[PDB]
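Only this structure's heavy atoms are used, side chains among them; waters, hydrogens and symmetry mates stay out. Just so it is clear: chains get the letters A, B, ... in the order the sequence lines come, proteins before strands, and each one is counted from 1.
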Amino acid sequence: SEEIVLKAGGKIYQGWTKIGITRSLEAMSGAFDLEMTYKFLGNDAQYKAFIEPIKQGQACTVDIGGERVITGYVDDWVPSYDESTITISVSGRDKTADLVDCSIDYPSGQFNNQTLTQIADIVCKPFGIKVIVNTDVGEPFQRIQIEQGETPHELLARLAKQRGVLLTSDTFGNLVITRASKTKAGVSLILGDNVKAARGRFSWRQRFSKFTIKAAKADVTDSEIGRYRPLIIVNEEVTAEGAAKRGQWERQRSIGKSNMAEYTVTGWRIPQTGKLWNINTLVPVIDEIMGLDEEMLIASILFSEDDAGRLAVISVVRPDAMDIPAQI
Amino acid sequence: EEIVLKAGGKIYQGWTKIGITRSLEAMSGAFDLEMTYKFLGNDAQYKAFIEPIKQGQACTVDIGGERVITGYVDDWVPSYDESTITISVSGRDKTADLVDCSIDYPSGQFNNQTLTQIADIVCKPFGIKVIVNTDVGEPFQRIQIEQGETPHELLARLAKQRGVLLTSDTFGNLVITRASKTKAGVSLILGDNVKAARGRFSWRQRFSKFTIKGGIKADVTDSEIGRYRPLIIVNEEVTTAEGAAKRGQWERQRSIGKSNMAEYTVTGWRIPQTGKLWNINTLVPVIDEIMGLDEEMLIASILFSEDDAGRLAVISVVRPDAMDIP
Amino acid sequence: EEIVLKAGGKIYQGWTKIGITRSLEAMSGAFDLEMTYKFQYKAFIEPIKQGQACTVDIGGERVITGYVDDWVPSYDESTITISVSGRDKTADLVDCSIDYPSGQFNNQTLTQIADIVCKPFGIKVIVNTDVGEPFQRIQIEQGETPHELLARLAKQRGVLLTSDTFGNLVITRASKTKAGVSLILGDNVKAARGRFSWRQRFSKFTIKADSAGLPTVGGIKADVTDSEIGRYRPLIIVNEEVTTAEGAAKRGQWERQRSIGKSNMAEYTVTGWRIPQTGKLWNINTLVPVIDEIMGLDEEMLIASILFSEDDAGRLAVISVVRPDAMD
């Protein structure tokens with residue numbers, strides 16, 4: 001019922017024929033793609049241009065029922081046509097994409113005795129991006145030097161990793177500093193109830209029984225893997241406690257990379273709560289077919305619409321799969 | 001007019017599928033030619049209709065008697081099943097050898113030679129001729145051949161230094177040229193002669209400012225890009241503020257061509273007005289309100305295709321300043 | 001002849017989509033087994049857990065011995081799809097690092113070293129050919145896998161590594177053993193496909209180990225010519241390993257034979273997994289006469305790999321054939 005609207009350039013664009021919006025905890029800035037395909041059966045499409053182009057670069061919002069889904073910029077304007085077809089589409093990312101694409105211009109080239117939050121405030125400001133803090137960022141860093149051509153995202157992400165926190169964004173394209181949430185979606189995904197379809201992949205191709213980390217050592221065991229499968233790794237950033245932490249990070253990364261579960265539901269809104277499905281919320285999962293019975297963390301959502309209807313694809317992970325400690 | 005492949009004293013025409021690509025940006029023209037027969041009877045199945053065309057043979061492709069490819073068959077691609085037999089050949093201009101093969105030049109160095117002189121030397125043993133179409137500029141004081149370097153790789157970096165383009169002609173010669181101002185003799189007009197078109201206009205790789213790097217730094221601004229989007233690049237090759245400005249302009253220019261694409265599909269391979277095949281490196285006026293184009297564009301690439309339905313030219317156009325590298 | 005997966009104390013029958021690869025080119029091959037059940041949102045079997053030891057047989061004959069890599073469940077409103085995939089046991093040699101605290105092998109043959117590195121994986125080494133002289137000193141490269149190490153040794157001894165149906169490591173040579181069947185166009189070939197190219201073929205292979213007024217001259221070098229490429233097409237390759245002129249020529253010839261293999265493809269589709277004339281499964285590393293006027297083949301070819309597949313229509317074997325001379 002609620003309509004989905006793209007606003008760009010003081011203009012309003014509704015009636016799209018295909019919409020895909022990603023929100024994600026693992027890919028800074030997510031994505032939107034909107035397409036409108038008209039067919040002209042009089043074979044006179046080329047005499048029947050309808051909208052003025054959406055300029056690439058334009059500030060952009062997508063709303064459902066007046067509620068914000070994504071805030072960013074048009075990356076790509078993508079027109080095409082033939083004798084009986086006009087297709088226009090735009091693609092882009094939320095505001096934080098500037099943090100991913102662009103260089104840090106902080107002329108003194110180093111931060112002194114600053115927390116992650118103070119640094120993020122600095123590098124984000126000339127992009128007009130707000131920094132939201134939802135967790136303890138811990139101690140200041142004594143001295144941080146900008147690497148050559150380092151982007152605001154690459155800097156913040158490396159700092160984040162030394163403080164055991166995560167970087168993401170909100171629906172308003174603000175930078176969010178957080179940790180894996182305790183907040184509940186207010187809903188379960190129950191096989192036979194609200195799950196329209198689902199898909200999984202559970203692998204040991206990248207799983208190992210023992211991670212040995214060497215400076216250039218320390219063993220980190222993964223007791224889930226009951227066959228002899230050793231992995232030795234040099235990591236020149238490494239301390240015996242440091243190598244153990246990097247080994248633990250290594251076990252944790254291989255686990256997340258080896259499990260996938262994606263649930264397709266009807267609607268972008270949770271019917272119980274009436275709230276949009278949201279990343280970094282916890283959702284009980286009861287799925288006998290797949291072999292899941294645990295509370296999971298929503299890591300990503302694909303919100304889509306076509307002729308068939310509105311769907312949301314919810315990618316879920318073990319809630320401590322995105323929880324780390326700190327770097328060297 | 002037939003498309004004729006000539007190879008090994010033999011002549012082949014009557015292809016059921018054709019794709020011939022020529023490009024200002026490519027080191028060699030390319031072809032793909034296929035003969036298929038379907039719904040074969042019980043006695044017709046599993047029977048060769050042609051002696052295999054051997055890979056590696058010198059060949060030419062002509063369209064209506066006019067050369068479009070002078071090179072070699074790269075690939076012999078036969079296939080069949082219970083009701084079908086398909087044979088296909090693909091290949092490239094002679095200048096393919098400059099892309100595939102190593103420079104063998106015992107001394108490993110050129111001294112006080114121009115791009116042209118160096119090109120002449122490295123192409124020579126492949127029996128490839130160099131055609132010079134533009135100002136090649138100053139000689140290079142000293143050039144070393146890097147380990148395993150190909151003629152294409154060497155000549156490419158030299159052309160980058162001099163602001164010129166490397167391509168081939170229809171005769172398999174190496175052509176050193178620049179973007180021309182030669183007119184195509186026709187316009188691409190929405191509602192007139194365009195069958196289909198597609199485009200992509202992106203700011204993904206566009207920046208508001210290019211800062212290059214010594215003590216020397218220079219800011220080259222891109223006025224097309226109206227959001228704060230800085231890029232900082234260090235180049236240890238630059239030693240001057242004029243050098244840093246020059247590399248910044250080179251970086252800005254490169255980001256344009258990389259960010260825009262437009263492709264026009266028209267009926268037939270020849271321009272009706274002139275009777276000639278569409279040609280690369282010519283200027284074509286484009287009036288197209290759906291894309292958002294109302295200007296002269298440069299033809300960078302053409303695919304001449306044919307199948308069941310008929311013949312199409314797919315013409316890739318770029319803003320002419322995208323081809324002018326300084 | 002039913003095809004079965006034996007894993008986890010059970011024999012699984014009723015697979016509807018099967019793909020099994022045996023290859024001289026890809027250590028460990030692959031299996032993929034899938035079942036689609038048209039029925040709502042209810043598990044009918046228990047998850048087939050990734051990691052389990054497993055066997056695939058056809059008509060009681062062993063085809064692959066290894067582990068389940070992936071458990072790939074899915075479902076929608078009307079169907080449940082269950083999918084497993086894996087490798088052969090030798091996959092552990094491909095995935096994993098060598099854990100050998102000495103770091104070096106002294107005065108050992110290829111066989112002795114293979115005996116050592118396969119042992120903790122529980123993989124028997126089968127030797128079916130003269131492995132030749134011992135190596136004097138072999139150092140294990142940083143994070144070297146057992147297959148990596150043995151593969152670089154095996155090429156210096158003019159031999160090949162593969163696997164048997166029991167997941168043992170096999171050290172062998174291009175075989176003289178005939179398959180007992182010819183592949184003949186109009187006879188037993190359902191479909192075939194080929195690509196014969198000179199894109200990666202060269203006339204001469206040269207392998208090698210402020211301007212100087214007096215450059216240092218000489219150096220370790222060898223030329224190896226490919227008489228079949230009748231045009232000037234030279235390739236110069238700097239191998240930093242090679243310290244001898246004899247070694248560079250052996251590298252050169254290897255490079256020439258590899259180019260031939262890389263440049264030709266021929267794949268024959270036949271009905272069935274067994275050879276009607278012998279009753280045996282098609283086997284890699286056996287010779288097959290090929291007669292084929294469409295492609296232009298009239299030679300004895302070696303089987304380099306087989307894809308055994310099954311679906312709705314029935315069982316096919318895709319036999320990938322190669323010139324023997326460029327394997328020996």
Side-chain angles (χ1 to χ4, degrees), chain A residues 29 31 38 43-60 72-93 95 97-107 109 123-129 146-152, chain B residues 188-213 219 221-233 235 248 251 255-256 258-267 286-294 309 312 314:
Chain A
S29 88
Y38 280 80
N43 220 26
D44 57 352
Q46 296 183 29
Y47 316 95
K48 290 192 161 161
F50 52 84
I51 67 133
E52 172 148 291
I54 308 176
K55 301 175 220 282
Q56 66 274 13
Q58 210 67 241
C60 196
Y73 305 95
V74 174
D75 278 321
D76 295 36
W77 163 243
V78 189
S80 65
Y81 58 85
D82 55 39
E83 284 158 315
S84 59
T85 318
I86 301 170
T87 308
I88 60 135
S89 75
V90 288
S91 197
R93 287 168 295 162
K95 287 175 61 161
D98 283 344
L99 303 178
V100 169
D101 291 349
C102 302
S103 305
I104 305 151
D105 191 337
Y106 187 70
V123 302
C124 277
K125 179 151 188 258
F127 298 97
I129 286 159
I146 316 308
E147 283 150 49
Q148 286 186 9
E150 198 166 30
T151 68
Chain B
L188 291 161
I189 300 174
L190 180 71
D192 181 7
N193 61 330
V194 175
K195 176 165 175 77
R198 72 194 175 122
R200 179 169 294 268
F201 306 74
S202 176
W203 277 22
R204 287 175 191 276
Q205 301 143 47
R206 296 297 297 275
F207 298 88
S208 70
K209 178 186 279 181
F210 298 83
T211 301
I212 310 303
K213 277 223 264 66
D219 300 327
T221 165
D222 188 341
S223 35
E224 299 200 304
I225 309 305
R227 197 194 315 144
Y228 177 80
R229 278 181 61 83
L231 189 72
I232 305 165
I233 295 162
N235 201 324
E251 222 64 63
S255 82
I256 300 277
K258 240 189 256 195
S259 291
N260 301 325
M261 175 277 279
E263 170 198 285
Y264 285 83
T265 297
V266 301
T267 304
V286 177
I287 314 177
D288 186 336
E289 195 193 49
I290 299 170
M291 299 284 104
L293 290 175
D294 201 339
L312 294 169
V314 182

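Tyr73(A) places none of its side-chain heavy atoms less than 4.5 Å from the side chain of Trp203(B).
For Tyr228(B), the parts sitting under 4.5 Å from any heavy atom of chain A are the backbone and the side chain alike. With a 4.5 angstrom heavy-atom cutoff, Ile88(A) does not touch chain B via any of its atoms. Of the two parts of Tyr47(A), only the side chain, counted from C-beta on, holds a non-hydrogen atom closer than 4.5 Å to a non-hydrogen atom of chain B. At a 4.5 Å heavy-atom cutoff, the contact between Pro53(A) and chain B is made by side-chain atoms alone.
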Determine, step by step, whether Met291(B) and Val286(B) satisfy the side chain to side chain contact (heavy atoms under 4.5 Å, CB included) criterion, reporting the C-alpha distance in whole Å, the side-chain angles of both residues, the deciding distance to 0.1 Å, and the verdict.
-> CA-CA 10 Å; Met291(B) 299 284 104; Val286(B) 177; over 6 Å; no
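Look at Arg93(A) and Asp101(A) and you find a salt bridge, because one of the NZ, NE, NH1 or NH2 atoms lies within 4.0 Å of a carboxylate O, short of that distance.
Chosen from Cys102(A), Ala97(A), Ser80(A), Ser89(A), the residue pairing most often with chain B at heavy-atom distances under 4.5 Å is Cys102(A). Heavy-atom pairs under 4.5 Å with chain A were tallied for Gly191(B), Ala196(B), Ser208(B), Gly226(B); the largest tally goes to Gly191(B). Chain B forms more heavy-atom pairs under 4.5 Å with one residue of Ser91(A), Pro79(A), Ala45(A) than with any other, namely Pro79(A).
Considering CD1 of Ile129(A) and CG of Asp98(A), their distance stands at 5.5 Å, rounded to 0.5 Å.
Side-chain contact annotation: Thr211(B) with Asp219(B), donor-acceptor N/O pair under 3.5 Å present.
Results of the salt bridge (charged side-chain N to carboxylate O under 4.0 Å, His left out) test with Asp75(A) over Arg204(B), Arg206(B), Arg229(B), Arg227(B) single out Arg204(B) as the only residue that passes.
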